Amino acid sequence: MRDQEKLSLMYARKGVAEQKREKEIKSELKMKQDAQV
Amino acid sequence: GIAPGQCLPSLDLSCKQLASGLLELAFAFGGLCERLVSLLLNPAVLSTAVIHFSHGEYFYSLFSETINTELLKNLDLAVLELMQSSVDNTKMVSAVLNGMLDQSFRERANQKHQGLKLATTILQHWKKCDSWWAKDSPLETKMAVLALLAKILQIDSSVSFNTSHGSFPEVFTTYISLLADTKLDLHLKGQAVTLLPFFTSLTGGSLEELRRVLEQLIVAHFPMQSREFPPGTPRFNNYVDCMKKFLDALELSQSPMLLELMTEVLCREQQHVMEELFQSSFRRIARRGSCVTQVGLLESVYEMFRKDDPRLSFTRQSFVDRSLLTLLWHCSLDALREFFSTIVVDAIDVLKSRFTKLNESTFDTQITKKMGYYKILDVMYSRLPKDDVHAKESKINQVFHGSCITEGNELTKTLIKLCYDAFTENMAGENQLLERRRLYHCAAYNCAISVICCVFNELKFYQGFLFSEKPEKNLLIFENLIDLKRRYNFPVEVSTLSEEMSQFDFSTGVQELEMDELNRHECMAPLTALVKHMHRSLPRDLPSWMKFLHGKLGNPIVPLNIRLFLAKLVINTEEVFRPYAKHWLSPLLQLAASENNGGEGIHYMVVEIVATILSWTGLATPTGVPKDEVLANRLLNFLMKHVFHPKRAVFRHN
Amino acid sequence: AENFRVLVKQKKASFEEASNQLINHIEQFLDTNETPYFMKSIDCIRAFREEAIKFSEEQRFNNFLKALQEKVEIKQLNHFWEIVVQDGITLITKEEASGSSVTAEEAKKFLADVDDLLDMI
Amino acid sequence: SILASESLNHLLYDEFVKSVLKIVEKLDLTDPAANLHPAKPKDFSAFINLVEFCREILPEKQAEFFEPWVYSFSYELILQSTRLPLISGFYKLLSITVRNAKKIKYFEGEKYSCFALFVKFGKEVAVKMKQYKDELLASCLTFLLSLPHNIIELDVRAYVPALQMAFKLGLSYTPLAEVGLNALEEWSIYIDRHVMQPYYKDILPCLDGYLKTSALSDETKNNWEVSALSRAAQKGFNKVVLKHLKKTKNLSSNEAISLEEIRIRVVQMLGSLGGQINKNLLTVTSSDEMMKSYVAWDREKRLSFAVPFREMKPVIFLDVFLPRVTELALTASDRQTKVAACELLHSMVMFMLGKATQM
DNA sequence: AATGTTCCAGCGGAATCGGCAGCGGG
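For this deposited structure, the header cites cryo-EM as the method used and 2.91 Å as the resolution.

## Considerations on the overall build of chain D
Along the backbone of chain D there are 15 helices and 2 strands. Taken along the three principal axes of its C-alpha coordinates, chain D extends 90 × 65 × 50 Å.

## Topic: empty space enclosed by the protein
If you add up the space inside the largest cavity, you get close to 100 Å³. As for the largest cavity, its lining consists of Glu215, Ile218, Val219, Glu260, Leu261, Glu264, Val265 and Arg268 of chain B together with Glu34, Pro36 and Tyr37 of chain C. Taken together, the elements giving at least two residues each to the lining of the largest cavity come down to α11 (207-218) and α13 (256-266) of chain B together with α3 (35-54) of chain C. Ranked by residue count, the leading element in the lining of the largest cavity is α13 of chain B, at 4 residues.

## A word on the interface of chain B and chain C
In this assembly, 25 residues from chain B lie in contact with 20 residues from chain C. Looking at the side of chain B that touches chain C, the elements with two or more residues in it are α11, α21 (409-423) and α23 (462-467) of chain B. Residue composition of the side of chain B that touches chain C, grouped by class: 10 nonpolar, 6 polar and 9 charged.

## Observations concerning helix α26 (residues 524-535) of chain B
Residue and element names in this part refer to chain B. Relative to the 16 Å expected for 12 residues at 1.5 Å per residue, α26 spans 16 Å between its end C-alpha atoms, a close match to the ideal helical length. For α26, the set of buried residues is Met524, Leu527, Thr528, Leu530, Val531 and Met534. Structurally, α26 contributes buried residues whose contacts are with α22 (434-452), α23, α27 (545-553), α28 (560-572) and α29 (574-577).

## Some words on the side chain of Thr612 of chain B
Residue and element names in this part refer to chain B. Here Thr612 lies in helix α31 (residues 605-615). Since its relative accessible area comes to 10%, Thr612 is described here as buried. The contacts of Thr612, once residues within four sequence positions are left out, are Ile571 and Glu574.

## Regarding the pattern of salt bridges
For the structure shown, the criterion picks out 44 salt bridges over all chains. A salt bridge links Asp346 of chain B to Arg306 of chain B; the nearest nitrogen and oxygen atoms lie 3.9 Å apart. Within this pair, whereas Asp346 of chain B is found in helix α17 (residues 337-351), its partner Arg306 of chain B is found in helix α15 (residues 291-306), the two being separated by 40 residues in sequence. For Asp346 of chain B, a relative accessible area of 27% puts it in the partly exposed group. For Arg306 of chain B, a relative accessible area of 30% puts it in the partly exposed group. We note a salt bridge from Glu15 of chain D to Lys18 of chain D, for which the minimum N-O separation is 2.9 Å.

Basis of the calculations
Residues numbered from 1 in each chain as written, not as in the entry; some residues may be left out. Chains lettered and ligands numbered in written order. Part of a larger assembly, values for the part shown. Heavy atoms only, no water. Residues with missing side-chain atoms left out of burial classes, pairs and counts. Helix = DSSP H or I, 4+ residues; strand = E, 2+ residues; numbered from the N terminus. 1 Å grid on protein atoms, 1.4 Å probe; cavity = no way out; pocket = protein on both sides within 12 Å on 5 of 7 lines; lining within 4 Å. Points joined across faces, edges and corners; volume = space filled by probe spheres on them. Contact = heavy atoms within 4.5 Å. Nonpolar A, V, L, I, M, F, W, Y, C, P; charged D, E, K, R; others polar. Expected span 1.5 Å × (residues − 1). Buried < 20%, exposed > 50% of the residue type's maximum accessible area, 1.4 Å probe, protein only. Salt bridge = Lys/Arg side-chain N within 4 Å of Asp/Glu carboxyl O.

This is how it looks when you write it as structure tokens:
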């Protein structure tokens, strides 16, 4: 990838994906620990 | 009670239900339909804190449901006196007609007779509203006509399609008049051509008129060839919109007549702006069923290709290359014998012709004809079983007369000999049409691959046909396939609610490989195909064909591009060249190390070559041979001589 | 390309840069065998004739007529000649110059082993 | 405000309610909790989406927007629920309706028609709840305990077996325990302090199970392990720490309620419930049921189990853990405690059978 | 009044150092 901007926008989508994943996993961890065996 | 007497009497969730029940009772009392229509078209304007009312439009908008139910209880009357006032109250009449139409369409489950009755009754009075779509009528009124008609003949079917079953002459005259006007612009004509899947199912005489008006649309509203106005401009947006409308209409109705327009406009440009949508539409067309109309489509495009039609060779090639080929591939049938046997007899005859090198134009036409025919044969053989061309089936039965003692191997050899003649042809004395004959040879070899991939999968016909050359008389193979003059670049690195939304739609009327420079050589993909095939068909070396590739590859006199192409083939087929690796070192390492590799000493093929050659470590032992050792050392010295490449990532990769 | 092409034809910046472009357009319109394209081409040549007469462009007019005549003689097209002779378009005919009152005559005067591999299967 | 707006909120709310009512009107609701779905399958999915969306949209801005809608909404929902009592999702809409209808007072008994409607429907459902299962029962309890009952004080005996059921179905489904706590609070403050009094001895003993954790639940780390905010903080107090704090403040913690929050709320309830009422968790101070609790299950020690060591094999008696093991297995209130208790109880019963008739 | 001294104010060299950009990776 020789285009820095296109790579940056692809990782804009990517990084917002990991941000959403982190938020949802942080939310899930509460009851995941609550009911874990 | 809804009229102000002082800004506006606001309704409520109960204040409106009360009125609903009240006027439902009022309709229950007696007929009252004539009165209802009368004050529904009343033009008395209201106003609120502006005016923008008619007190019938508000009245209808409020209820619109019990009103429609009463209007449908006695349909024939209400429609008659509703269209009675078409000229002076066209807005409200059209709104009420649409309301009744989609009311009935909502109720097409419990009943079917009522929607049909409504449509037939409106059509019976279609003359009553001729000022709507007449000349000088406001364009909004013309779009109202189009939407009304779309609903009318979408509710049930185009029951007015044959022998003037309904008011067909009036409908068709309206539609052709709308499509034929000159003052009008492209997007209204696009929503007009949205209504084609209803009129491209009728016999000739009037279908000729539809075709002629469509041609007059294509001319005088489309670019000279294509893409003469840049994107963004209204011209470009309108043209693209019309193209999408045509393509969806075509994909909806598998109508041969639209093919001779869509492919005709597609294949006078080198590549269209929105070509991918063309191919997606064709794939949709072919892959759904109704084998007979599929045959008709194939025959139509084939007639376009085959007929004399004095024109550019490129256009004739494009016909088959885009339209017919993508039709043939995606899905036609496993038993679509019609076009199959239709083309077998006449394709071979054209292949058994003599190049009239007198005029360049006729020679180019002949080359294009043969190329197209024989690509067709390629796709035939690729997507077709083996027995139905060799067994006691319709192969001898059709290339010769009736059943024959020979099983099916008559057309096979009949075409194979001329295949091999075409792509193993001397070119020393010919210097007039280089690229075209190159493509002819290429397609020759491609369908040779496809045929011989289906000749009873015998152990060895591949070497004698695909790979056997006769250099003693300049009867070669790869010197014809490859251009041998185009310097390759090689850059360094690169339920209920679905029904509800359908009702809303009705009312609104709205809703592998890397293609770098060399894998795109029209022989690369089939070559890898049969290589992976015949490896998976049955350890010094496999009988004679990798020897052919070795001699053409591991030899620095074979001109550059053959070596590059074969090396790319070996890269893409390393899975099958792996157990014979010990021989593919001097060729591959010699090519990578050789400083005559092209350009600056290209740094893309070397990357893939080295990755492949190192993939099989523990195999093939690049030591023990002095030439191998010196080649490896040359490779290493050159490779560290060129590492920097200011981009950081590629430097780390090196 | 019906009204926009006409507005291109009526005037541009110089007496060029649209000439050769429309030459290509009419050539590719002649390439396709649909008659409406031929009608569009005859409309284009009529517009060019009137524009050359009304704008002192005899040189372009005569050069274009000679070039198109040679081209259409070269290629295998007849119906275009059919419509042209049904109308009649050629070079200037008055005095081989700008203006005169001489009846058209120049157009009239110029236009009345391995084989064993096959069968061992 | 920049866009020049007087009553757009009102129109949008009204149209949202109208759309919801129209969707519910034509949905054909004939997963289902008992081996039966002779209905359109893609209708329940739509219904569930709409119901959850309503619960997360309707309650906010519960103001006089919803006031003219209560009677119509409740009447349609109660009709179509009476004809379809196994729905589990008309009750959620009823819950939202009643919560919004008692956020504004709307209840001091037109309005009287809605009041009688809910009196009948509430008593009807409080009687029909006795035959339902997990999700349907949870929704029915949510609705029932959502009834105003500040004014529906009539035959609280009908609603008590609901409330305590909620407390039982907590310890495994926290939201329902939260609902039970809110309902008990509302009843304690607003109902007259003379008719509630005979029922406390029935209600409170269900709360005891929530007080069964003794600061041994360290399942997850009770402190920050590693965070980008921690990494930034370790190198100074500067802009990056500020950015990490600003993004983490609006985490929007919509996880419903933790169990320890419920336990804290239980203690706050017990304290806020008085000192006279408060004593009702325990038994009644040397009645019969206390003195029956002081006697061993079996007078003769059985389940004599010899623990295998290298040299001794000492004998313990498994008949001394059985009480505590059973109360632990039933009402552990902690999933990881519960699974271990159930496993041990399984093993104990199996040992009981083995020693019942061995050699 | 003529001048020398004192005082105050302003500019720059030099060292330090922190964060401001921009530039790759995720």
